[PDB]
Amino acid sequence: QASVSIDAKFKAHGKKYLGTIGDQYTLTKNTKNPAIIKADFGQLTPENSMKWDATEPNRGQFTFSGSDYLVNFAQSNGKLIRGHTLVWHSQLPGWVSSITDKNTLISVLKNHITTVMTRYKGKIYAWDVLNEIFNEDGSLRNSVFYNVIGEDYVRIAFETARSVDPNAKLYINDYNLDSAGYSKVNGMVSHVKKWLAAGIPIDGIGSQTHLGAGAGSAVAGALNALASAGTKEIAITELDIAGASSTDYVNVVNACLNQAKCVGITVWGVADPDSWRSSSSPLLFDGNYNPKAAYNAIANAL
């Protein structure tokens, strides 16, 4: 744990949280990881326990041991929770992707959203209702949901989520929304404008922000462009930067800090060894679970 909590410092500026991710293994692999999370971050996103493959491995049969643990840990430690993720084409059981009947798929989709959301009803700050539904060019990704149900799945997902748990912020999450002008950013903005105008309950847009070195500076304008979609809020949801330079990190923190709609930042991991992009040492704590320069830089920028 670092003495100065960047979550405390971020919140000091009116932001909701500066969090990270977790699950059983990392929360218990050593003493430092859970200690870091408790002392320096104020929110948690399950790294894998709430995905479709881990919650409903078989049709109508749910497995919540993993998710229960992550939720219980966060609730027990005053950490906000972002559920992740209800509808995605990746980490999706073959039983789902094989459905060819529209109504059957809609029934399955609704039951999955309803069961998963109902279980943690009132404990989730935000839910990534839909994840990565766009092609890089801004067009809708032809996933089973899109192919079988069509664009109406977007409405179905959000409306269902909205009624099941009216207390959670409903988000659409995606990566590569890292620079204003980018095709995917334009596709996200235009589609959401249309969906909001249609009455689809989309409270926020989540920008993953999985960056390469030097891409930090463009994030500010990206956030500015996303803000034009007209959602209640937006957030940096899965932050990591190859090289983990202080400049890149401070640029990203400032990008959110200086944008009114950005409610928070979630770094995709605590320490490098546990990073899904570990070879690039993209996180704020090193292999010894000690703060890196970027962590301190961030604290000093706030």
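Heads up: residue numbers just count along the shown sequence, starting at 1.
Higher mean CA temperature factor between 148 to 156 and 131 to 139: 148 to 156, per the PDB entry. Stretches compared: 65 to 73, 271 to 279. Higher mean C-alpha B-factor in the entry: 271 to 279. In this structure the maximum Cα B-factor among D240, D53, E47, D248 is found at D248. Remark: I6 belongs to the lowest third of its chain, ranked by C-alpha B-factor as recorded.
The PDB entry assigns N33 a C-alpha temperature factor belonging to the middle third of its chain's modelled residues. Among the modelled residues of its chain, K232 has a C-alpha B-factor that falls in the highest third, as given in the PDB entry. For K169, the recorded CA B-factor ranks within the lowest third of the chain. Only modelled residues enter the ranking. Among the modelled residues of its chain, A39 has a C-alpha B-factor that falls in the highest third, as given in the PDB entry.
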